[PDB]
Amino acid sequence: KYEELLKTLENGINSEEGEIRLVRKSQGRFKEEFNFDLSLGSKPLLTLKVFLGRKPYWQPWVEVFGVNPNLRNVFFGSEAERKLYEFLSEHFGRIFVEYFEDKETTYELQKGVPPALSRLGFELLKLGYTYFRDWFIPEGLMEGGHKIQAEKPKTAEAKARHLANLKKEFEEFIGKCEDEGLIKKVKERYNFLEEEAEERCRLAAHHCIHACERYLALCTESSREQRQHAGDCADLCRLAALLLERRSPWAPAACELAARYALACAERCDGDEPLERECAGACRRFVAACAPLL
C-alpha cells in the first residue's frame, strides 16, 4: 500500500503544465505518516502530508498544502491538478486541500457556494468525494486552517444522505444568490452531475425494460404477481425514460420511483433461468443507474 505511492511519484505524474515529481521526502508525526515534497517540471509545486492508515480504526488521509504562490494560477484549474487528484482518490478516502493560492475557489466560497460546488470542491466531487467541510480558521490563531476536507461515503445510505444534503444546500443557495455569472457557473456543475446520471439511466432503463419485456413475454411458467412485476417495472422504466429523453427536470423523481419497482422486479423475479438472470439483472443495473441522482 505504501509503495504504490512512492513509486508512482518517483516515475512521475505527467501533465501538459509540466511533469509532477517527488523532490524530497520526510517522516511525519506518526510512523504511518509522511511528508512528500513535489515539483512541477523542475519547480517547487506543493507538499503532500500522508497518513497511510492503521487498520482497523484509522483511515488513510492525505493533505495537500504549501502551494507555490507563483504557480497558483498555473496550477489551480489545470490538467496537472486534475491528474494529481485522480491519483490520490485511487489511494485515499479522505483528502485536505489548502486554498489560499486559489483565487477562483476562494472568491466563490466567500459568496456562500456550497463547498461541493466550488471550483475546487467540484474537482473532488467528480472523483467521488461526497462529504465536505469548509475550514477557515484564522491563520493568526492557527496556520493552515484554510482547507477543504472531503470524504468518500462509507455506505450507499450516507452517500444518498450527502447528495440529498448537497441538493438541499444548492437549491437553498440558488435562492439567495444575486450574481448572474456565479449562479450560471454553479448550475453547470450540478447539471453535469445530474446529467451524467440521467444519461446512464436512459440506457439502463432501455435494457431494463427489454429485460422485463422479454421476461413476461416468453417465460412459460411464471406468476401473475411476476408478470405484474416485470409488467409494471417496464412501464415505470418507460415513463422514466420519457422524461429523461426529453431531458425534463422531473425525470429523476420518475427515475427514483422506477428504481423501487425495478428493485422489486429484480428481487422477486430472480432465480436460475437465463431470463430472470437478465431481467432481475437489468433491473438492478437500472436500480443502480438511479442512485447518483439524489
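Throughout, we count residues from 1 along the sequence that is shown.
Name the higher of the two by mean Cα B-factor in the PDB entry, 192-200 versus 87-95.
-> Higher mean C-alpha B-factor: 192-200.
Which of the two stretches, 131-139 or 201-209, shows the higher mean Cα temperature factor in the record?
-> If you average the C-alpha B-factors of 131-139 and of 201-209, the larger mean comes out for 201-209.
Per the PDB entry, maximal CA B factor within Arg54, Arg29, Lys49, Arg246 | In this record, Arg246 carries the highest C-alpha B-factor of the candidates.
Most elevated Cα B-factor in the entry, residues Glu33, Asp37, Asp235, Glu63 = Among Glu33, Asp37, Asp235, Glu63, the highest C-alpha B-factor in the entry belongs to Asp235.
Based on the entry's values, in what third of the chain does the Cα temperature factor of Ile183 lie: lowest, middle or highest?
-> It falls in the middle third of the chain.
Modelled-residue ranking by C-alpha temperature factor, third containing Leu218 | Its C-alpha B-factor belongs to the highest third of this chain's values.
Please rank the C-alpha B-factors of the chain's modelled residues and tell me whether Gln59 sits in the lowest, middle or highest third.
-> It belongs to the lowest third of the chain when residues are ordered by C-alpha B-factor.
Consider only the C-alpha atoms of the modelled residues in this chain, order them by B-factor as the entry records it, and name the third containing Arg224: lowest, middle or highest.
-> Answer is highest: the recorded C-alpha B-factor places it there.
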